[PDB]
Amino acid sequence: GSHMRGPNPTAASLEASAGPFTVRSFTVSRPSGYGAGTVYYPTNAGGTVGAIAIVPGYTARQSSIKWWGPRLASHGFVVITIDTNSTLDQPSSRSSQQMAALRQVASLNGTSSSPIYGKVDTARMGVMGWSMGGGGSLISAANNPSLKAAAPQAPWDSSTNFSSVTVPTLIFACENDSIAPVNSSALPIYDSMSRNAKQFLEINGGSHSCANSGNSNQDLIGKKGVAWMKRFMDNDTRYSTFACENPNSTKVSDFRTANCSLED
């Protein structure tokens, strides 16, 4: 089955700061199994949408990853950005907390008082996150193969072996990352995965925060993250090109993809 929402995409519509849908948000009153959460949701997507949970890195908070909330929600997703119980939580803890945030989004979907009452397809979920939050996202995907997509950025984990992962995984990497160097983190993680649709997109000259809030490549990074989630969370083959294609961009220092068909 496909779960198509919104107008036929173009490069221009995906590069724009906002997609076609009106976005609202709220703070989660009583977070269950994580520190704090903001939920971003489309008011007018024209049907139920999937949910994505986004986790920051070590010492970081929602501010680092917040730009993804409006960006993805405006294309037809419910997005929860979290703060972790402690800023010093490790990747396994960040994974548990990311899944607790998806569980609470599923709870709010059935809560007649919630602004997202009836707005979520709880069978279509994705995971994203930065550094140890990206490691967390890969752990979530390894543990929960029913997840539809993963798109970590500058991932860090003390194991690079994700060879069990069957979830379609886009790795955003930062060429000049000195915190989680591409050669010891992002690329070995990418190379470990032989069972999935996967993509490696390295931002030219990027520091470890090259995919964070306020980054100078929100056009390309936004387009790719939205296309990946559309293709794989909605099974929307109008996004096969945008999801799977080399963007052929001077802003990209390294592009690799496997098991990613251009076909509609």
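One is the number of the first residue shown, and numbering goes on along the chain from there.
The deposited model was determined using X-ray crystallography, 1.9 Å.
Any Cβ shown, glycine's included, is placed from N, Cα and C.
What the PDB entry says about this one:
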- 1-4: expression tag (SEQADV)
- 262-264: expression tag (SEQADV)
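Features as listed in Swiss-Prot:
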- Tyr58, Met132, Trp156: poly(ethylene terephthalate) binding site (BINDING)
- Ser131: active site, nucleophile (ACT_SITE)
- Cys174-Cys210: disulfide bond (DISULFID)
- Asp177: active site, charge relay system (ACT_SITE)
- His208: active site, charge relay system (ACT_SITE)
- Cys244-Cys260: disulfide bond (DISULFID)
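Under a cutoff of 8 A between CB atoms, and with a sequence separation of 6+ in the same chain, the neighbours of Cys174 (disulfide bond) are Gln153, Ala154, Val182, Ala186, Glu202, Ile203, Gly206, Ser207, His208, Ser209, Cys210, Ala211. Annotated pair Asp177 (active site, charge relay system) and the residue listed as 'active site, nucleophile', C-alpha to C-alpha distance, rounded: 11 Å. For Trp156 (poly(ethylene terephthalate) binding site), the nearest neighbour among the recorded positions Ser131, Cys244, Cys260, judged by Cα separation, is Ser131. Once the Cα atoms of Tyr58, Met132, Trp156, the listed binders of poly(ethylene terephthalate), are compared pairwise, the greatest separation found is 10 Å. One residue stands out among the recorded positions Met132, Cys210, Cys244, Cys260 for having the most other Cβ atoms within 10 Å of its Cβ: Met132.
Assigned with DSSP, the residues of the expression tag (262-264) fall into helix, strand and coil as follows: 0 helix, 0 strand, 3 coil. In sequence order, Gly57, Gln90, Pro91, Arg94, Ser131, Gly133, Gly134, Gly135, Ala180 are the same-chain residues whose CB sits within 8 A of the CB centroid of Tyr58, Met132, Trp156, the residues recorded for poly(ethylene terephthalate) being left out. Cα distances from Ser131 (active site, nucleophile) to the recorded positions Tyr58, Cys244, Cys260 are smallest for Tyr58.
Residues 47-50, 121, 124, 233-238 of the same chain sit 6 or more residues outside the expression tag (1-4) yet have a Cβ under 8 Å from a Cβ within it. DSSP gives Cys244 (disulfide bond) a helix state.
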